[PDB]
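Throughout, protein chains are lettered first and strands after them, A, B, ... in sequence-line order, and every chain is numbered starting at 1. Both counts, for ligands and for their atoms, begin at 1 and track the order of listing. Values below: every heavy atom of this structure, side chains too, minus hydrogens, waters and symmetry copies.
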2 protein chains.
Amino acid sequence: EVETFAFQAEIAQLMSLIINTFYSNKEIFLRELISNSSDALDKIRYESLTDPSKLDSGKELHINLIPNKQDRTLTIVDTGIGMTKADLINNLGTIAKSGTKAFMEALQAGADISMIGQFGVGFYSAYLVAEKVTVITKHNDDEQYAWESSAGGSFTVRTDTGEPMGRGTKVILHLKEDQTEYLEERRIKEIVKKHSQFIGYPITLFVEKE
Amino acid sequence: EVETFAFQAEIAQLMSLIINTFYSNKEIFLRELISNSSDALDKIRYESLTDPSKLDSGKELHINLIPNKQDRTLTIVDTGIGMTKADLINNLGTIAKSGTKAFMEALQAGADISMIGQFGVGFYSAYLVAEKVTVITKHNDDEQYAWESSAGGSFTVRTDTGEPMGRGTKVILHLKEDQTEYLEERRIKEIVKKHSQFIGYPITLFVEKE
Ligand SMILES: CN(C)Cc1ccccc1Sc1ccc(O)cc1O
Ligand SMILES: CN(C)Cc1ccccc1Sc1ccc(O)cc1O
Ligand SMILES: [Mg+2]
């Protein structure tokens with residue numbers, strides 16, 4: 001079963017703004033997704049402080065960056081707290097309606113798109129570079145699910161019978177045809193060093209067979 | 001009953017660093033505390049999206065800044081999710097052990113104290129300006145508690161029979177004798193505009209009788 005949901009009007013508006021506004025500084029999408037991963041890792045760490053069994057689904061707390069030039073995908077994997085099905089449907093665990101409001105009011109007051117993460121909706125900066133985003137997630141309290149959207153007002157949720165993850169979130173960015181620089185090792189390294197050099201979890205940039 | 005707890009060695013180390021390092025840019029303490037309040041407000045908002053009764057303890061989501069020159073206190077009040085007794089004992093709901101580690105490693109790599117909030121331990125920047133901090137908190141799942149510390153390696157927790165808060169957190173900064181500029185209306189306004197101008201909750205700066 002694939003279930004299809006409509007985005008709330010404000011989130012649809014946010015994604016259309018991200019897709020259609022001319023804005024050259026697209027590289028901040030990776031900082032925002034790594035920041036979300038770090039937040040998710042913080043959350044499972046915090047829960048584990050009083051219930052160590054929370055880590056039975058995986059003790060390692062890390063972020064992996066996986067480019068694939070054949071599929072034209074960049075995948076960000078974390079072993080953080082993950083998302084339940086209900087979290088996925090609630091705009092990926094965000095307060096996206098109120099966050100979008102505050103982001104829009106800030107843009108009116110002289111903010112720019114790079115400040116999106118201050119308003120809790122940094123995930124949607126993925127659409128600066130991706131035509132489609134697939135999110136695979138596993139939370140301790142639910143089964144493994146796949147969320148997907150190519151924007152256009154709707155997203156799908158289905159149970160994921162793919163590779164079991166144990167716990168965490170994978171964001172698969174199906175890149176736009178003119179955004180393949182974000183598959184290049186030196187480009188990813190540059191962005192991580194520029195924007196994410198002090199993240200408190202190991203970030204491993206995977207290599208590809210040439 | 002007043003219970004006294006020792007800080008973990010790493011947190012005690014962090015507070016001693018904050019208290020003893022020469023660092024003139026102390027004003028960032030307010031940005032960090034407002035940011036924590038905004039995070040707590042985001043959390044109760046998110047919970048309320050699927051269980052509206054979470055707001056039975058108070059529908060208003062806001063931040064108040066209350067200077068008191070007679071007591072020499074600056075109080076930051078929020079109606080966010082609040083903290084249970086267990087949260088208070090776990091370093092105010094932070095991952096302070098791992099966060100302190102990452103903050104220290106960043107300081108070695110060219111970070112400065114103003115970046116403390118990136119590592120989840122921004123609360124402790126309160127000790128840039130306060131000799132003592134009192135935290136009154138009420139979470140939906142627990143009773144109202146008061147946490148207190150003048151650093152020096154220990155903190156206390158007691159049930160609070162003061163004014164019932166409903167839900168949220170009050171951080172009371174008992175300011176150092178040479179830090180009373182942070183009670184001045186124009187100074188607080190300047191800092192809020194400089195560092196917190198896009199927070200998505202109303203921030204109300206209370207006035208005093210002269
Ligand atoms: C809402 N929670 C239950 C989970 C959660 C909380 C904070 C941050 C991330 C997350 S999950 C996640 C979402 C987006 C992403 O890009 C990476 C992630 O790890
Ligand atoms: C751990 N949670 C259960 C609560 C919580 C989560 C995130 C941020 C703040 C908080 S509570 C709080 C702590 C410090 C402060 O300065 C202001 C606050 O509102
Ligand atoms: Mg944050």
Side-chain angles (χ1 to χ4, degrees), chain A residues 29-44 46-47 49 63 75-88 90-96 117-126 133 135-142 147 165 167-173 201, chain B residues 29-44 46-47 49 63 75-88 90-96 117-126 133 135-142 147 165 167-173 201:
Chain A
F29 81 90
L30 186 60
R31 165 189 81 194
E32 295 314 320
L33 292 176
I34 292 176
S35 176
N36 288 349
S37 290
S38 179
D39 291 351
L41 284 160
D42 289 348
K43 295 198 181 243
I44 193 54
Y46 188 72
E47 291 199 344
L49 293 175
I63 303 168
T75 300
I76 300 84
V77 182
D78 69 65
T79 47
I81 196 151
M83 282 183 286
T84 64
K85 188 188 186 186
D87 288 323
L88 284 177
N90 289 308
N91 305 302
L92 296 295
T94 66
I95 39 174
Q118 294 187 38
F119 312 100
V121 289
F123 167 78
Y124 299 93
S125 69
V133 178
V135 176
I136 314 289
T137 193
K138 174 66 172 76
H139 184 286
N140 280 339
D141 299 339
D142 209 344
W147 177 103
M165 295 164 58
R167 189 202 56 254
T169 297
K170 323 214 316 213
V171 178
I172 309 176
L173 305 177
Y201 299 95
Chain B
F29 81 90
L30 186 60
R31 165 189 81 194
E32 295 314 320
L33 292 176
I34 292 176
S35 176
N36 288 349
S37 290
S38 179
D39 291 351
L41 284 160
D42 289 348
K43 295 198 181 243
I44 193 54
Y46 188 72
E47 291 199 344
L49 293 175
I63 303 168
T75 300
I76 300 84
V77 182
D78 69 65
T79 47
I81 196 151
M83 282 183 286
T84 64
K85 188 188 186 186
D87 288 323
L88 284 177
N90 289 308
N91 305 302
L92 296 295
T94 66
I95 39 174
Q118 294 187 38
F119 312 100
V121 289
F123 167 78
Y124 299 93
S125 69
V133 178
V135 176
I136 314 289
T137 193
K138 174 66 172 76
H139 184 286
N140 280 339
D141 299 339
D142 209 344
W147 177 103
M165 295 164 58
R167 189 202 56 254
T169 297
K170 323 214 316 213
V171 178
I172 309 176
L173 305 177
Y201 299 95

Checking side-chain polar atoms at under 3.5 Å, does [X] have a donor or acceptor matched by the opposite partner on [Y]?
X	Y	value
A:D87	B:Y46	yes
B:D78	B:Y201	no
A:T84	A:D142	no

Can you list the ligand 2 atoms lying under 4.0 Å from a non-hydrogen atom of [X]?
X	result
B:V171	16 (O)
B:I81	4 (C)
B:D87	3 (C)

Nearest-option assignment for [atom], heavy atoms, candidates [options]:
atom	options	result
atom 7 (C) of ligand 1	A:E32, A:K43, A:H139	A:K43
atom 2 (N) of ligand 2	B:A126, B:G82, B:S37	B:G82
atom 17 (C) of ligand 1	A:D42, A:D78, A:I76, A:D142	A:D78

Exercise. Using heavy atoms and a threshold below 4.0 Å, how should the contact between B:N36 and ligand 2 be classified: side chain, backbone, both, or neither?
Worked result: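 Both of them.
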Exercise. Which of the atoms of ligand 1 are close to A:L33, meaning less than 4.0 Å from one of its heavy atoms?
Worked result: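 Reading through ligand 1 atom by atom, the close ones are 16 (O).
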For this session: State, yes or no, whether a side-chain contact exists between A:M165 and A:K170 at a heavy-atom distance under 4.5 Å.
Result: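 Contact flag for A:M165/A:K170 side chains = yes.
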Exercise. Would you say B:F123 and B:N91 make side-chain contact, with heavy atoms under 4.5 Å?
Worked result: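 Answer no - side chains too far apart.
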Exercise. Going through the distances and angles, do A:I63 and A:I76 end up as a side chain to side chain contact (heavy atoms under 4.5 Å, CB included)?
Worked result: CA-CA 7 Å; A:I63 303 168; A:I76 300 84; 4.2 Å; yes
For this session: Pick out which of A:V171, A:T137, A:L88 makes a side-chain contact (heavy atoms from CB on, under 4.5 Å) with A:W147.
Result: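 Result: among A:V171, A:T137, A:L88, A:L88 is the only option passing the side-chain contact (heavy atoms from CB on, under 4.5 Å) with A:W147.
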Problem set entry | Closest protein heavy atom (residue, atom, distance) for atom 11 (S) of ligand 1 |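 Answer for atom 11 (S) of ligand 1: A:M83 CG, 3.7 Å.
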Exercise. Identify the closest protein heavy atom to atom 10 (C) of ligand 1: which residue and atom is it, and at what distance?
Worked result: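 Here the nearest protein heavy atom works out to A:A40 CB, 3.7 Å.
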